[PDB]
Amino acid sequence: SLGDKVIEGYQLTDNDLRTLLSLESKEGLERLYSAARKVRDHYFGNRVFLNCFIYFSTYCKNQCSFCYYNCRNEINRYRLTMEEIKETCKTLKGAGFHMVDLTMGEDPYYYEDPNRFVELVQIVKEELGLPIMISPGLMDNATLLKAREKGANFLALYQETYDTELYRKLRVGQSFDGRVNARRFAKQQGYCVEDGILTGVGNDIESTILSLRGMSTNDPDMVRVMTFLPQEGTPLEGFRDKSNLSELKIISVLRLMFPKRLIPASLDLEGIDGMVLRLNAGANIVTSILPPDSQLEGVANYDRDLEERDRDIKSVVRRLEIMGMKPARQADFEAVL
């Protein structure tokens, strides 16, 4: 009945969030996943959207405590040349993606002269013609406006948490309202916006509710949750979370809270097997799919130690077929834009 109630317009209360978020039993969790699939199937059927991830520069000037690419970490870093971007684009044409996500750290090269980023968006839009999600960090409003004019469609700029006590330990040195304000500015210029929270990073149930309610206030087009994977060389490298607040539970709660929105199943956390679990918890778009071949990186990189990664669209679509799901039509995706 819970899925039916939501389909009809029921708004989950804070008591409902507490109850859903504290579910621990196999049967309870299966009833929560089933409810979220009812809601997702009502609005999306068995059709799934596919987003390619192009991490085009792994340089960052910021010092996030959770992220492998924080500026204090002495690691391998790359910055794709124009020729490498064009070669990557050639491998994506006609592959079946609905959108491409052009992501970078806050790379000083692109921040010193943001016309270099605007030209990168123009080249990719000219090559692919597809909807483009940008994840450039907190770029200034003038650059956001120029990138919109070159064909950027989505801005992904995740808040991580709306619990202020936690945000300042995670996004060290970054304004809390700066990110909120940039998503608002981008919506005014016509972008769709994705917000996101991290779980497994010391958020308890109350912190998670504050973050779910914080995400809803701004009317995002896409909402996500990622499991924190502690990374080598960061301040949080040893962190162990003592919580039941799994990404799958929160995906189902997001579907019940944002029934009509996009919610990702990311390959970056648990790969294709993890994708199955996330789609069965209510997700409707598969992200962190890499270009065919590709030495390109994800962000959490659950598969950093594997001799062979399984991140390509053809493996994703094969697994959706096994699940009884199918890629969506492009026009259905464009309807969200």
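Residue positions are given as counts along the sequence shown, with the first one as 1.
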Looking at the entry, does 212 to 220 or 164 to 172 show the higher mean C-alpha B-factor? 212 to 220
Mean temperature factor over C-alpha atoms, higher-scoring stretch between 20 to 28 and 310 to 318: 20 to 28
Top residue by Cα temperature factor, when 68, 43, 59, 55 are compared in the entry: 43
Looking at 35, 289, 64, 283, which has the highest CA B-factor as recorded? 35
Third of the chain, ranked by Cα B-factor, where residue 74 sits: middle
Temperature factor at the Cα of residue 276, chain-ranked in thirds, falls in the highest
In terms of the CA temperature factor given in the entry, to which third of its chain does residue 266 belong: lowest, middle or highest? lowest
Record-listed C-alpha B factor of residue 243: chain third: highest
B-factor third for the C-alpha atom of residue 106 within its chain: lowest
